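Reading through the structure tokens given below for one structure.
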Amino acid sequence: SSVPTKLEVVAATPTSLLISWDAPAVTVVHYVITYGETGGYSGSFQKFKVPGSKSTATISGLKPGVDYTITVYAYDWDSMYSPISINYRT
Amino acid sequence: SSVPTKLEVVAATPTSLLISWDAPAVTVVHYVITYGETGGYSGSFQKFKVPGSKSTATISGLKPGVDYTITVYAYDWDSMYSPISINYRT
Amino acid sequence: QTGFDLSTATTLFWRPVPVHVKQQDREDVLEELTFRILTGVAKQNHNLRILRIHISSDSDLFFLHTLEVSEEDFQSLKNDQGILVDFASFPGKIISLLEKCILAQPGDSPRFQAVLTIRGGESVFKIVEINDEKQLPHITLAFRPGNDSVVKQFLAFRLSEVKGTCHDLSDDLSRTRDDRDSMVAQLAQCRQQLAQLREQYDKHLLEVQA
Amino acid sequence: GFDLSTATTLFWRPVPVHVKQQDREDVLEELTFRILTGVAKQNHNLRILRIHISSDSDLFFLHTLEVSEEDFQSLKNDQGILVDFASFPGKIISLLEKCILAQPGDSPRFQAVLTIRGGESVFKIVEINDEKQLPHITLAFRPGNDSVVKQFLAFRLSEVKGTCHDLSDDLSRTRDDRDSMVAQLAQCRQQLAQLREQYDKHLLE
């Protein structure tokens, strides 16, 4: 149920992004962040993993001027909470 | 053989003992400690489990004046290091 | 070689949902089943798009029902099967329906429920609106029960998953231990300075007192 | 049937083994050997020993051997064992250790080779002096069907999950200890600063 409280964008680069979320009180073993072109199938967004203690992450390799989807999912044992997502353009 | 090469009995009371090992160089998620009287032919040794963070362990309820064989095994995720064993009477 | 590419697949829903399972034994029961919804691409071609759903049990690790659909065969199930959606938003709406199944009490006017009927070799999963004697399938899907091979592969995938999560936890544990050691050292430093300052203050007080 | 619940693990490490098969050509791969001593759930006095050969690379690779004490007497005459059922693991581990610490400069050149021929597999540890080859131990392993490999994966996932929960508890514990240290640090700096302002206010007199 939108496990990270709120999300913000902080970076300002042509090829990358830097995202910041906030620390939910629930047990989170890890976070997964997905970045893909908006309107895409979403089965090619190249996921990457972030520790549950951390609240920030850097994305790389993006094409400038494309609409990219950034989604944060937090995982428990045997479960995954509902994600919260934002979209940004370079 | 023994991954820690450093197991000894360090405190001693007629019904209890304190064992201390040294295995911090390798990644150790947990240790299993087996304590039983007889040497070999072990169908009644009491095992107990200890986190890899610890370097000490207390055994209690032991019979006074008896010979115990105590063995420490260190485990990884996909492996188990070689054990170390001692004999002590308390 | 293998059709679907789980390595770079995206997990959109992974949560236990209340499901009614019906079998020919007639032992109708409500069990909490874990649904994992994955969007990915085939390893043969990056243009072939697949959606796969896994119904498993954390209680029974040998219970698995699988669904795999491409973008092309999606036309067969777009018509004749459920509400009108494109291949893209079908995951979203199915996820919304499953979530409605989770937060479903009898007093809910649209009491959405989920039922999995397993008959021999095939199983059909349907989410149904069940108020005032209506049974309305919002979504109807067909699931393949697990053979030993596919359940074996699923178990292996989850084992590698858990291994990676636990290695990450070990890294975090070493880091937090280092942070705590640094904090206790800083605590000792502070207390030492506080003791020194209390000494100087007491000496100053005794000097003024004389 | 063996009861892993009350079993003790004596050796669980990757071992250098040369695996030769009829379908694929000769390769040297590092294989994980797990040796377990335990007792049966039918009779807690009856003793069984189990050995597992797996791969951390290939999770579908499983070869198992389990022996009772009686048929171990049969294998004592079948391979000339001169030690008891209890200490046999020790010799096996020593043999495996000799393979583990085995380099080209080794005179005994203790080696491990496993050949699988369609339902049958034999694992052999060998002494290689000049060209003569003396197998110290020869054992027969039944390769895993999908059912037993499935059960093995399930048990091993339960193990990883349990150890991981134990690590999670320890992580929570250390995080709490760190929070306690941060709180004590805040208290200490607070009283330091206020006693310094008291120092200077007493300088005001």
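Identifiers for the structure tokens are assigned positionally: chains receive A, B, ... in sequence, residues are indexed from 1 per chain, and ligands are indexed from 1 in the order shown.
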Mind checking which residues fall within 10 Å of residue 61 (chain A), counting only C-alpha atoms, ignoring those fewer than 5 positions away in the same chain, and posting them as a ChimeraX atom specification? /A:14-17
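RMSD of chain B versus chain A, all Cα atoms, in-order pairing, least-squares fit: 1.3 Å.
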Mind dumping a table of every chain B residue within 9 Å of chain C, with the nearest atom pair and its distance in Å to one decimal, using only C-alpha atoms, sorted by chain and rising number, as CSV?
residue,atom,partner,partner_atom,distance
B:27,CA,C:170,CA,8.6
B:29,CA,C:170,CA,7.8
B:77,CA,C:163,CA,7.7
Include C-alpha atoms and write out the residues we just selected as a PDB file, in the first residue's frame.
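out_5.pdb was written with the following content:
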ATOM      1  CA  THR B  27      31.998 -14.383   6.632  1.00  0.00           C
ATOM      2  CA  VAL B  29      26.321 -16.217   9.432  1.00  0.00           C
ATOM      3  CA  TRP B  77      25.216 -19.757   3.079  1.00  0.00           C
TER       4      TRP B  77
END
Taking only region 1-188 of chain C into account, list the residues labelled helix (DSSP H, G or I) by DSSP (computed from the backbone), as an mmCIF file with N, CA, C and O atoms, in the first residue's frame.
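Now in part.cif:
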data_model
loop_
_atom_site.group_PDB
_atom_site.id
_atom_site.type_symbol
_atom_site.label_atom_id
_atom_site.label_comp_id
_atom_site.auth_asym_id
_atom_site.auth_seq_id
_atom_site.Cartn_x
_atom_site.Cartn_y
_atom_site.Cartn_z
ATOM 1 N N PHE C 74 -2.603 -12.547 -27.126
ATOM 2 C CA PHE C 74 -3.474 -11.706 -26.307
ATOM 3 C C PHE C 74 -4.796 -11.401 -26.990
ATOM 4 O O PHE C 74 -5.791 -11.191 -26.303
ATOM 5 N N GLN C 75 -4.836 -11.338 -28.323
ATOM 6 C CA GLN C 75 -6.117 -11.118 -28.994
ATOM 7 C C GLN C 75 -7.119 -12.230 -28.714
ATOM 8 O O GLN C 75 -8.320 -11.960 -28.601
ATOM 9 N N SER C 76 -6.659 -13.478 -28.604
ATOM 10 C CA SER C 76 -7.586 -14.569 -28.319
ATOM 11 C C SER C 76 -8.293 -14.373 -26.980
ATOM 12 O O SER C 76 -9.489 -14.660 -26.859
ATOM 13 N N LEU C 77 -7.580 -13.871 -25.970
ATOM 14 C CA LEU C 77 -8.170 -13.639 -24.657
ATOM 15 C C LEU C 77 -8.715 -12.227 -24.460
ATOM 16 O O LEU C 77 -9.381 -11.973 -23.453
ATOM 17 N N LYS C 78 -8.448 -11.294 -25.374
ATOM 18 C CA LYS C 78 -9.002 -9.950 -25.222
ATOM 19 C C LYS C 78 -10.505 -9.971 -25.447
ATOM 20 O O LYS C 78 -11.285 -9.468 -24.622
ATOM 21 N N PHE C 90 -3.863 -4.399 -18.816
ATOM 22 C CA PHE C 90 -4.419 -5.620 -18.235
ATOM 23 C C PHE C 90 -3.796 -5.944 -16.882
ATOM 24 O O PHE C 90 -4.548 -6.267 -15.942
ATOM 25 N N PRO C 91 -2.466 -5.883 -16.705
ATOM 26 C CA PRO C 91 -1.909 -6.059 -15.352
ATOM 27 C C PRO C 91 -2.488 -5.097 -14.332
ATOM 28 O O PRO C 91 -2.824 -5.511 -13.219
ATOM 29 N N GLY C 92 -2.602 -3.814 -14.680
ATOM 30 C CA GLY C 92 -3.109 -2.844 -13.722
ATOM 31 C C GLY C 92 -4.508 -3.168 -13.233
ATOM 32 O O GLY C 92 -4.781 -3.159 -12.028
ATOM 33 N N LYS C 93 -5.417 -3.457 -14.164
ATOM 34 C CA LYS C 93 -6.792 -3.743 -13.772
ATOM 35 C C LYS C 93 -6.893 -5.063 -13.012
ATOM 36 O O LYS C 93 -7.663 -5.170 -12.048
ATOM 37 N N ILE C 94 -6.147 -6.089 -13.439
ATOM 38 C CA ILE C 94 -6.172 -7.352 -12.701
ATOM 39 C C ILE C 94 -5.640 -7.146 -11.284
ATOM 40 O O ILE C 94 -6.131 -7.754 -10.323
ATOM 41 N N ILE C 95 -4.625 -6.290 -11.133
ATOM 42 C CA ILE C 95 -4.073 -5.984 -9.819
ATOM 43 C C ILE C 95 -5.114 -5.281 -8.961
ATOM 44 O O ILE C 95 -5.271 -5.583 -7.772
ATOM 45 N N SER C 96 -5.842 -4.331 -9.552
ATOM 46 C CA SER C 96 -6.898 -3.649 -8.812
ATOM 47 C C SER C 96 -7.958 -4.639 -8.348
ATOM 48 O O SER C 96 -8.436 -4.566 -7.210
ATOM 49 N N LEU C 97 -8.347 -5.568 -9.224
ATOM 50 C CA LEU C 97 -9.339 -6.569 -8.837
ATOM 51 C C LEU C 97 -8.824 -7.463 -7.714
ATOM 52 O O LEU C 97 -9.561 -7.768 -6.769
ATOM 53 N N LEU C 98 -7.564 -7.899 -7.797
ATOM 54 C CA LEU C 98 -7.017 -8.726 -6.725
ATOM 55 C C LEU C 98 -7.000 -7.961 -5.406
ATOM 56 O O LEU C 98 -7.412 -8.491 -4.362
ATOM 57 N N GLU C 99 -6.583 -6.691 -5.444
ATOM 58 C CA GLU C 99 -6.589 -5.875 -4.236
ATOM 59 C C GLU C 99 -7.998 -5.753 -3.670
ATOM 60 O O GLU C 99 -8.192 -5.807 -2.450
ATOM 61 N N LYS C 100 -8.996 -5.593 -4.541
ATOM 62 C CA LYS C 100 -10.377 -5.569 -4.071
ATOM 63 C C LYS C 100 -10.755 -6.896 -3.418
ATOM 64 O O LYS C 100 -11.507 -6.922 -2.436
ATOM 65 N N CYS C 101 -10.235 -8.009 -3.948
ATOM 66 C CA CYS C 101 -10.475 -9.304 -3.312
ATOM 67 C C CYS C 101 -9.878 -9.351 -1.914
ATOM 68 O O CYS C 101 -10.453 -9.965 -1.007
ATOM 69 N N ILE C 102 -8.720 -8.720 -1.722
ATOM 70 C CA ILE C 102 -8.066 -8.756 -0.415
ATOM 71 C C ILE C 102 -8.887 -7.998 0.629
ATOM 72 O O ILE C 102 -9.127 -8.498 1.735
ATOM 73 N N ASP C 148 6.538 -31.441 -12.236
ATOM 74 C CA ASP C 148 7.737 -31.460 -11.404
ATOM 75 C C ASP C 148 8.832 -30.573 -11.983
ATOM 76 O O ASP C 148 9.599 -29.962 -11.230
ATOM 77 N N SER C 149 8.904 -30.469 -13.312
ATOM 78 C CA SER C 149 9.945 -29.666 -13.948
ATOM 79 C C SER C 149 9.750 -28.175 -13.685
ATOM 80 O O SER C 149 10.691 -27.477 -13.284
ATOM 81 N N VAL C 150 8.539 -27.662 -13.917
ATOM 82 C CA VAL C 150 8.328 -26.223 -13.782
ATOM 83 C C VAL C 150 8.317 -25.810 -12.313
ATOM 84 O O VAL C 150 8.801 -24.729 -11.960
ATOM 85 N N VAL C 151 7.771 -26.652 -11.431
ATOM 86 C CA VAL C 151 7.843 -26.351 -10.004
ATOM 87 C C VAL C 151 9.290 -26.411 -9.520
ATOM 88 O O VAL C 151 9.698 -25.631 -8.655
ATOM 89 N N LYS C 152 10.088 -27.332 -10.069
ATOM 90 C CA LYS C 152 11.510 -27.376 -9.747
ATOM 91 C C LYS C 152 12.202 -26.079 -10.156
ATOM 92 O O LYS C 152 12.969 -25.493 -9.380
ATOM 93 N N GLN C 153 11.946 -25.621 -11.383
ATOM 94 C CA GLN C 153 12.538 -24.368 -11.850
ATOM 95 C C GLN C 153 12.084 -23.183 -11.002
ATOM 96 O O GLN C 153 12.881 -22.286 -10.699
ATOM 97 N N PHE C 154 10.808 -23.167 -10.606
ATOM 98 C CA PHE C 154 10.285 -22.102 -9.752
ATOM 99 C C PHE C 154 10.969 -22.107 -8.387
ATOM 100 O O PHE C 154 11.350 -21.052 -7.860
ATOM 101 N N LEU C 155 11.120 -23.295 -7.795
ATOM 102 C CA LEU C 155 11.817 -23.412 -6.522
ATOM 103 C C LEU C 155 13.249 -22.915 -6.639
ATOM 104 O O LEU C 155 13.739 -22.203 -5.756
ATOM 105 N N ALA C 156 13.931 -23.266 -7.731
ATOM 106 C CA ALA C 156 15.304 -22.807 -7.921
ATOM 107 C C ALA C 156 15.364 -21.289 -8.052
ATOM 108 O O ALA C 156 16.265 -20.640 -7.499
ATOM 109 N N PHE C 157 14.426 -20.711 -8.804
ATOM 110 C CA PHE C 157 14.388 -19.262 -8.963
ATOM 111 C C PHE C 157 14.193 -18.586 -7.609
ATOM 112 O O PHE C 157 14.912 -17.639 -7.266
ATOM 113 N N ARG C 158 13.271 -19.105 -6.791
ATOM 114 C CA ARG C 158 13.050 -18.489 -5.483
ATOM 115 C C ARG C 158 14.242 -18.704 -4.547
ATOM 116 O O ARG C 158 14.554 -17.829 -3.727
ATOM 117 N N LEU C 159 14.945 -19.831 -4.680
ATOM 118 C CA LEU C 159 16.122 -20.073 -3.853
ATOM 119 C C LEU C 159 17.239 -19.089 -4.179
ATOM 120 O O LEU C 159 17.842 -18.502 -3.272
ATOM 121 N N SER C 160 17.512 -18.875 -5.470
ATOM 122 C CA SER C 160 18.508 -17.875 -5.850
ATOM 123 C C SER C 160 18.092 -16.489 -5.373
ATOM 124 O O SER C 160 18.930 -15.694 -4.915
ATOM 125 N N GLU C 161 16.791 -16.199 -5.452
ATOM 126 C CA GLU C 161 16.259 -14.930 -4.972
ATOM 127 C C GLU C 161 16.602 -14.714 -3.507
ATOM 128 O O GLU C 161 17.140 -13.665 -3.115
ATOM 129 N N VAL C 162 16.259 -15.701 -2.680
ATOM 130 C CA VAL C 162 16.468 -15.586 -1.245
ATOM 131 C C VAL C 162 17.956 -15.500 -0.935
ATOM 132 O O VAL C 162 18.374 -14.734 -0.057
ATOM 133 N N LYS C 163 18.785 -16.232 -1.689
ATOM 134 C CA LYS C 163 20.228 -16.145 -1.473
ATOM 135 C C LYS C 163 20.737 -14.728 -1.708
ATOM 136 O O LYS C 163 21.536 -14.205 -0.920
ATOM 137 N N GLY C 164 20.261 -14.079 -2.770
ATOM 138 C CA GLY C 164 20.708 -12.721 -3.036
ATOM 139 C C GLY C 164 20.238 -11.746 -1.974
ATOM 140 O O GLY C 164 21.005 -10.887 -1.515
ATOM 141 N N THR C 165 18.978 -11.878 -1.550
ATOM 142 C CA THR C 165 18.468 -10.998 -0.500
ATOM 143 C C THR C 165 19.271 -11.158 0.789
ATOM 144 O O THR C 165 19.595 -10.171 1.464
ATOM 145 N N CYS C 166 19.653 -12.393 1.118
ATOM 146 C CA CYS C 166 20.358 -12.638 2.373
ATOM 147 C C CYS C 166 21.806 -12.169 2.309
ATOM 148 O O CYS C 166 22.354 -11.689 3.309
ATOM 149 N N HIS C 167 22.444 -12.286 1.143
ATOM 150 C CA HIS C 167 23.782 -11.722 0.996
ATOM 151 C C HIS C 167 23.750 -10.204 1.158
ATOM 152 O O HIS C 167 24.635 -9.614 1.802
ATOM 153 N N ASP C 168 22.726 -9.554 0.593
ATOM 154 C CA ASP C 168 22.575 -8.116 0.808
ATOM 155 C C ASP C 168 22.394 -7.797 2.290
ATOM 156 O O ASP C 168 22.950 -6.813 2.803
ATOM 157 N N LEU C 169 21.622 -8.627 2.996
ATOM 158 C CA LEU C 169 21.438 -8.419 4.428
ATOM 159 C C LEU C 169 22.752 -8.555 5.189
ATOM 160 O O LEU C 169 23.000 -7.817 6.147
ATOM 161 N N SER C 170 23.607 -9.494 4.778
ATOM 162 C CA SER C 170 24.902 -9.654 5.437
ATOM 163 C C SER C 170 25.791 -8.430 5.226
ATOM 164 O O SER C 170 26.469 -7.973 6.160
ATOM 165 N N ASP C 171 25.807 -7.888 4.006
ATOM 166 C CA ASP C 171 26.534 -6.638 3.780
ATOM 167 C C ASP C 171 26.015 -5.535 4.694
ATOM 168 O O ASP C 171 26.797 -4.811 5.330
ATOM 169 N N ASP C 172 24.690 -5.386 4.763
ATOM 170 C CA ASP C 172 24.127 -4.343 5.613
ATOM 171 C C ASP C 172 24.462 -4.572 7.085
ATOM 172 O O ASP C 172 24.666 -3.609 7.832
ATOM 173 N N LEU C 173 24.522 -5.832 7.518
ATOM 174 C CA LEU C 173 24.861 -6.127 8.906
ATOM 175 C C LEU C 173 26.292 -5.717 9.224
ATOM 176 O O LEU C 173 26.556 -5.116 10.273
ATOM 177 N N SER C 174 27.235 -6.053 8.339
ATOM 178 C CA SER C 174 28.609 -5.601 8.548
ATOM 179 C C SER C 174 28.680 -4.077 8.617
ATOM 180 O O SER C 174 29.360 -3.516 9.491
ATOM 181 N N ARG C 175 27.967 -3.385 7.722
ATOM 182 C CA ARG C 175 27.999 -1.923 7.749
ATOM 183 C C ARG C 175 27.415 -1.365 9.044
ATOM 184 O O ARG C 175 27.973 -0.431 9.633
ATOM 185 N N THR C 176 26.268 -1.887 9.484
ATOM 186 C CA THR C 176 25.661 -1.367 10.708
ATOM 187 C C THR C 176 26.536 -1.647 11.924
ATOM 188 O O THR C 176 26.620 -0.819 12.835
ATOM 189 N N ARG C 177 27.192 -2.810 11.958
ATOM 190 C CA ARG C 177 28.136 -3.103 13.034
ATOM 191 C C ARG C 177 29.283 -2.102 13.042
ATOM 192 O O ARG C 177 29.709 -1.640 14.110
ATOM 193 N N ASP C 178 29.793 -1.750 11.860
ATOM 194 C CA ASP C 178 30.845 -0.740 11.799
ATOM 195 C C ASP C 178 30.335 0.604 12.306
ATOM 196 O O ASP C 178 31.029 1.300 13.060
ATOM 197 N N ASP C 179 29.123 0.988 11.892
ATOM 198 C CA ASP C 179 28.545 2.248 12.351
ATOM 199 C C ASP C 179 28.379 2.258 13.867
ATOM 200 O O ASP C 179 28.666 3.263 14.523
ATOM 201 N N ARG C 180 27.931 1.140 14.442
ATOM 202 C CA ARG C 180 27.738 1.077 15.887
ATOM 203 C C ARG C 180 29.064 1.124 16.631
ATOM 204 O O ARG C 180 29.162 1.747 17.696
ATOM 205 N N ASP C 181 30.099 0.480 16.090
ATOM 206 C CA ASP C 181 31.418 0.589 16.703
ATOM 207 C C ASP C 181 31.917 2.031 16.679
ATOM 208 O O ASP C 181 32.439 2.540 17.682
ATOM 209 N N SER C 182 31.721 2.723 15.557
ATOM 210 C CA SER C 182 32.100 4.131 15.498
ATOM 211 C C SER C 182 31.296 4.963 16.492
ATOM 212 O O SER C 182 31.839 5.866 17.143
ATOM 213 N N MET C 183 30.006 4.655 16.647
ATOM 214 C CA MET C 183 29.180 5.434 17.565
ATOM 215 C C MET C 183 29.592 5.217 19.014
ATOM 216 O O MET C 183 29.641 6.173 19.795
ATOM 217 N N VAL C 184 29.903 3.978 19.393
ATOM 218 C CA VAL C 184 30.336 3.732 20.765
ATOM 219 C C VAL C 184 31.689 4.392 21.024
ATOM 220 O O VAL C 184 31.943 4.904 22.124
ATOM 221 N N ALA C 185 32.571 4.420 20.018
ATOM 222 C CA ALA C 185 33.846 5.105 20.215
ATOM 223 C C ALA C 185 33.635 6.604 20.409
ATOM 224 O O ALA C 185 34.267 7.227 21.277
ATOM 225 N N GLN C 186 32.722 7.193 19.631
ATOM 226 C CA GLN C 186 32.412 8.609 19.804
ATOM 227 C C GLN C 186 31.763 8.873 21.160
ATOM 228 O O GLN C 186 31.997 9.918 21.781
ATOM 229 N N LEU C 187 30.944 7.931 21.632
ATOM 230 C CA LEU C 187 30.357 8.030 22.964
ATOM 231 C C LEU C 187 31.423 8.039 24.050
ATOM 232 O O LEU C 187 31.355 8.833 24.998
ATOM 233 N N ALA C 188 32.412 7.151 23.932
ATOM 234 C CA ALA C 188 33.503 7.126 24.898
ATOM 235 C C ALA C 188 34.271 8.439 24.887
ATOM 236 O O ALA C 188 34.601 8.990 25.946
#
Kindly provide, as an MDAnalysis selection string, the residues of chain D having any atom no farther than 9 Å from an atom of chain B, counting only C-alpha atoms. chainID D and resid 9:14 32 34 38:39 44:45 56 86 160 163:164 166:167 170
Show me, as a PyMOL selection string, the residues of chain D whose atoms get within 9 Å of chain C, using only C-alpha atoms for the distance check. chain D and resi 59-60+146-147+149-151+153-154+156-158+160-161+163-165+167-168+170-172+174-175+177-179+181-182+184-186+188-189+191-192+195-196+198-199+202
Take CA of residue 139 (chain C) and CA of residue 25 (chain C) and report the distance between them in Å, one decimal.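 Separation between CA of residue 139 (chain C) and CA of residue 25 (chain C): 25.2 Å.
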So the first atom is CA of residue 43 (chain D) and the second is CA of residue 84 (chain D); what is the distance between them in Å, to one decimal place?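 One can read the CA of residue 43 (chain D) to CA of residue 84 (chain D) distance as 20.5 Å.
The gap separating CA of residue 105 (chain D) from CA of residue 122 (chain D) is 26.6 Å, in Å to one decimal.
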In region 29-186 of chain D, what's strand (DSSP E or B) per DSSP? Answer as a ChimeraX atom specification? /D:29-40,47-54,62-68,111-116,121-129,132-143
N, CA and C atoms of the current selection, written as a compact mmCIF listing (two decimals), in the first residue's frame:
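Saved the output as part.txt:
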# COMPACT_ATOMS: atom_id res chain seq x y z
N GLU D 29 34.95 -29.37 -12.70
CA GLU D 29 34.07 -28.40 -12.06
C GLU D 29 34.11 -28.57 -10.55
N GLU D 30 33.90 -27.47 -9.84
CA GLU D 30 33.91 -27.46 -8.38
C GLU D 30 32.51 -27.80 -7.88
N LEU D 31 32.38 -28.95 -7.22
CA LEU D 31 31.10 -29.50 -6.78
C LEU D 31 31.02 -29.49 -5.26
N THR D 32 29.80 -29.28 -4.74
CA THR D 32 29.57 -29.14 -3.31
C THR D 32 29.15 -30.49 -2.73
N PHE D 33 29.93 -30.99 -1.77
CA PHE D 33 29.67 -32.26 -1.10
C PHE D 33 29.15 -31.99 0.31
N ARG D 34 28.00 -32.58 0.64
CA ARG D 34 27.43 -32.49 1.98
C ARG D 34 27.31 -33.88 2.58
N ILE D 35 28.00 -34.11 3.69
CA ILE D 35 28.01 -35.39 4.39
C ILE D 35 27.25 -35.22 5.70
N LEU D 36 26.24 -36.06 5.92
CA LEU D 36 25.34 -35.94 7.06
C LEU D 36 25.27 -37.26 7.81
N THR D 37 25.37 -37.20 9.13
CA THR D 37 25.15 -38.34 10.01
C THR D 37 23.89 -38.11 10.83
N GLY D 38 22.98 -39.08 10.80
CA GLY D 38 21.74 -38.94 11.51
C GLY D 38 21.10 -40.29 11.79
N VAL D 39 19.87 -40.23 12.29
CA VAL D 39 19.11 -41.42 12.65
C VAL D 39 17.71 -41.33 12.05
N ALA D 40 17.07 -42.49 11.93
CA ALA D 40 15.75 -42.61 11.32
C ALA D 40 14.63 -42.20 12.26
N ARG D 47 20.85 -46.02 12.61
CA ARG D 47 21.76 -45.00 12.10
C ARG D 47 21.86 -45.03 10.58
N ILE D 48 21.75 -43.86 9.96
CA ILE D 48 21.87 -43.72 8.52
C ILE D 48 22.83 -42.57 8.23
N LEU D 49 23.59 -42.69 7.14
CA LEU D 49 24.48 -41.64 6.67
C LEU D 49 24.09 -41.23 5.26
N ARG D 50 24.08 -39.93 4.98
CA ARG D 50 23.68 -39.42 3.68
C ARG D 50 24.74 -38.48 3.11
N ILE D 51 24.99 -38.59 1.80
CA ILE D 51 25.93 -37.74 1.08
C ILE D 51 25.22 -37.13 -0.12
N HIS D 52 25.38 -35.82 -0.30
CA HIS D 52 24.79 -35.09 -1.42
C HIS D 52 25.87 -34.39 -2.24
N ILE D 53 25.84 -34.59 -3.56
CA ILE D 53 26.67 -33.84 -4.50
C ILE D 53 25.77 -32.91 -5.30
N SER D 54 26.00 -31.61 -5.14
CA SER D 54 25.23 -30.56 -5.80
C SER D 54 26.21 -29.58 -6.44
N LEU D 62 22.00 -33.03 -8.75
CA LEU D 62 21.92 -33.68 -7.44
C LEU D 62 22.22 -35.16 -7.58
N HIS D 63 23.16 -35.65 -6.77
CA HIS D 63 23.46 -37.07 -6.68
C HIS D 63 23.52 -37.46 -5.21
N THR D 64 22.77 -38.50 -4.84
CA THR D 64 22.59 -38.85 -3.43
C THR D 64 23.03 -40.28 -3.16
N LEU D 65 23.55 -40.49 -1.96
CA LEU D 65 23.91 -41.80 -1.44
C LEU D 65 23.53 -41.85 0.03
N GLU D 66 22.77 -42.86 0.42
CA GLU D 66 22.41 -43.05 1.81
C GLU D 66 22.61 -44.52 2.17
N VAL D 67 23.31 -44.77 3.28
CA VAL D 67 23.68 -46.13 3.67
C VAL D 67 23.27 -46.38 5.12
N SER D 68 22.72 -47.57 5.37
CA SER D 68 22.46 -48.02 6.72
C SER D 68 23.72 -48.67 7.29
N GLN D 111 42.73 -37.09 -6.18
CA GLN D 111 41.81 -36.56 -7.17
C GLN D 111 40.42 -37.10 -6.95
N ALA D 112 39.44 -36.36 -7.45
CA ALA D 112 38.05 -36.80 -7.40
C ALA D 112 37.49 -36.78 -8.81
N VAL D 113 36.87 -37.89 -9.22
CA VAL D 113 36.27 -37.98 -10.55
C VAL D 113 34.91 -38.67 -10.43
N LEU D 114 33.90 -38.10 -11.07
CA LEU D 114 32.54 -38.63 -11.09
C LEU D 114 32.05 -38.81 -12.53
N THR D 115 31.74 -40.05 -12.91
CA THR D 115 31.21 -40.34 -14.24
C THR D 115 29.75 -40.79 -14.17
N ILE D 116 28.89 -40.14 -14.96
CA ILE D 116 27.45 -40.41 -15.00
C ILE D 116 27.13 -41.06 -16.34
N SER D 121 25.92 -43.47 -11.60
CA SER D 121 27.05 -42.58 -11.41
C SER D 121 27.92 -43.13 -10.30
N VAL D 122 29.23 -43.14 -10.53
CA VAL D 122 30.19 -43.60 -9.55
C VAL D 122 31.17 -42.46 -9.28
N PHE D 123 31.38 -42.16 -8.01
CA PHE D 123 32.32 -41.15 -7.56
C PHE D 123 33.53 -41.88 -6.98
N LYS D 124 34.73 -41.45 -7.38
CA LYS D 124 35.94 -42.15 -6.97
C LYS D 124 37.03 -41.14 -6.63
N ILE D 125 37.65 -41.32 -5.47
CA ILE D 125 38.83 -40.57 -5.05
C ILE D 125 40.05 -41.47 -5.24
N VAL D 126 41.08 -40.96 -5.93
CA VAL D 126 42.17 -41.80 -6.43
C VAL D 126 43.53 -41.22 -6.07
N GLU D 127 44.45 -42.11 -5.69
CA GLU D 127 45.88 -41.82 -5.56
C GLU D 127 46.59 -42.08 -6.89
N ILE D 128 47.38 -41.12 -7.35
CA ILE D 128 47.96 -41.16 -8.70
C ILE D 128 49.47 -41.00 -8.56
N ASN D 129 50.16 -42.11 -8.30
CA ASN D 129 51.62 -42.14 -8.23
C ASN D 129 52.14 -42.61 -9.59
N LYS D 132 50.25 -45.30 -12.13
CA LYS D 132 49.39 -46.18 -11.35
C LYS D 132 48.33 -45.36 -10.62
N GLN D 133 47.12 -45.91 -10.57
CA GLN D 133 45.95 -45.24 -10.00
C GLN D 133 45.27 -46.14 -8.99
N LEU D 134 45.31 -45.77 -7.71
CA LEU D 134 44.70 -46.60 -6.68
C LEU D 134 43.51 -45.87 -6.07
N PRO D 135 42.28 -46.31 -6.35
CA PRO D 135 41.10 -45.66 -5.75
C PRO D 135 40.97 -46.02 -4.27
N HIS D 136 41.10 -45.01 -3.40
CA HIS D 136 40.95 -45.25 -1.97
C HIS D 136 39.50 -45.54 -1.59
N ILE D 137 38.54 -44.88 -2.24
CA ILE D 137 37.13 -45.14 -2.00
C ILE D 137 36.38 -45.03 -3.32
N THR D 138 35.47 -45.98 -3.55
CA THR D 138 34.60 -45.99 -4.73
C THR D 138 33.17 -46.15 -4.24
N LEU D 139 32.31 -45.19 -4.58
CA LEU D 139 30.94 -45.17 -4.11
C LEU D 139 30.00 -44.99 -5.28
N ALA D 140 28.77 -45.49 -5.13
CA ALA D 140 27.76 -45.47 -6.18
C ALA D 140 26.65 -44.51 -5.79
N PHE D 141 26.36 -43.55 -6.66
CA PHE D 141 25.38 -42.51 -6.38
C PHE D 141 24.27 -42.58 -7.42
N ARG D 142 23.02 -42.49 -6.96
CA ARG D 142 21.89 -42.45 -7.88
C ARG D 142 21.58 -41.00 -8.23
N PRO D 143 21.68 -40.60 -9.49
CA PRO D 143 21.36 -39.22 -9.85
C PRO D 143 19.91 -38.89 -9.53
